[PDB]
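The lines below spell out each chain.
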Amino acid sequence: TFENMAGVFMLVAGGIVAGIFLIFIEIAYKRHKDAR
Amino acid sequence: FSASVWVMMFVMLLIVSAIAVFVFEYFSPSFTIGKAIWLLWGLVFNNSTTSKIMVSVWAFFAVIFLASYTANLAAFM
């Protein structure tokens with residue numbers, strides 16, 4: 001509806017998508033280091 | 001009682017499920033078609049390896065949505 005619950009959702013959505021984008025590359029680098 | 005617009009959140013859930021399935025498929029390097037949907041629908045709701053753990057962060061949004069839904073249903077009567 002209005003800005004209230006749109007914003008309260010988009011903040012956590014941005015946090016989750018940033019976490020997904022960071023964790024993928026982090027675990028990829030960790031796996032590459034482990035299997036060097 | 002909930003989703004007054006009735007057109008925003010009901011398609012946001014669909015698109016977020018679609019992108020979750022897409023990223024689960026992309027994480028191949030268990031089944032994307034069957035298991036991903038079941039785990040997504042059994043994680044948000046009570047009724048029901050490494051890649052699953054790192055994407056289990058969606059439980060925050062799941063519990064927030066459940067709390068908001070139950071609060072709205074209890075306070076809109």
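Residues numbered from 1 in each chain as written, not as in the entry; some residues may be left out. Chains lettered and ligands numbered in written order. Part of a larger assembly, values for the part shown. Heavy atoms only, no water.

Re the overall build of chain B
Okay, so step 1: Within chain B one finds four helices and zero strands.
Okay, so step 2: When the helices and strands of chain B are read in sequence order from the N terminus, they spell out α-α-α-α.
Okay, so step 3: Projected onto the principal axes, the alpha-carbon positions of chain B cover approximately 50 × 25 × 20 Å.
Okay, so step 4: Surface summary for chain B: the accessible area is close to 5,900 Å², and the carbon and sulfur share equals 74%. (Helix = DSSP H or I, 4+ residues; strand = E, 2+ residues; numbered from the N terminus. Areas by Shrake-Rupley, 256 points an atom, 1.4 Å probe, with all protein chains shown as cover.)

Some remarks on the packing of aromatic side chains
Each aromatic ring pair is specified by the distance between its two centres and by the angle formed by the two planes.
Okay, so step 1: Under the defined criterion, the tally for this structure stands at eight aromatic pairs over all chains.
Okay, so step 2: Aromatic pair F24 of chain A and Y26 of chain B: ring centres 5.7 Å apart, planes at 50°, arrangement tilted. Within this pair, whereas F24 of chain A is found in helix α1 (residues 3-34), its partner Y26 of chain B is found in helix α1 (residues 9-26), the two belonging to separate chains.
Okay, so step 3: Using a relative accessible area of 26% as the deciding quantity, one classes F24 of chain A as partly exposed.
Okay, so step 4: Aromatic side chains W58 of chain B and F61 of chain B sit 5.6 Å apart centroid to centroid with 40° between the ring planes, which places their arrangement in the tilted category.
Okay, so step 5: The exposure class of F61 of chain B is buried, given its relative accessible area of 13%.
Okay, so step 6: Ring pairing ties together the aromatic residues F9 of chain A together with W58, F61, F65 and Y69 of chain B, which thus form one cluster. (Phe/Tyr/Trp six-rings, centres within 6.5 Å; stacked < 30°, edge-to-face > 60°. Buried < 20%, exposed > 50% of the residue type's maximum accessible area, 1.4 Å probe, protein only.)

As for the side chain of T32 of chain B
Okay, so step 1: Residue placement: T32 of chain B occurs in the loop between α1 and α2 (35-44).
Okay, so step 2: Sequence-distant contacts of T32 of chain B, that is, excluding residues within four places in its chain, are made with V21, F24, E25 and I37 of chain B. (Contact = heavy atoms within 4.5 Å.)

Let's talk about the UniProt feature "intramembrane region" in chain B
Okay, so step 1: On the UniProt side, "intramembrane region" is annotated at positions that read residues 33-47 of chain B here.
Okay, so step 2: As annotated, residues 33-47 of chain B has a helix share of 67% and a strand share of 0%, and its two end C-alpha atoms lie 20 Å apart. (UniProt positions renumbered as here; feature names shortened; annotations may be inferred.)

Here's the deal with the nonpolar core
Okay, so step 1: Judged by nonpolar contacts, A3, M9, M12, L40, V44, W58, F61 and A62 of chain B together constitute the single largest core of eight residues.
Okay, so step 2: If sequence neighbours within four positions are ignored, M9 of chain B has contacts with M5 of chain A together with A3 of chain B. (Core = buried A, V, L, I, M, F, W, Y, C linked by side-chain atoms within 4.5 Å.)

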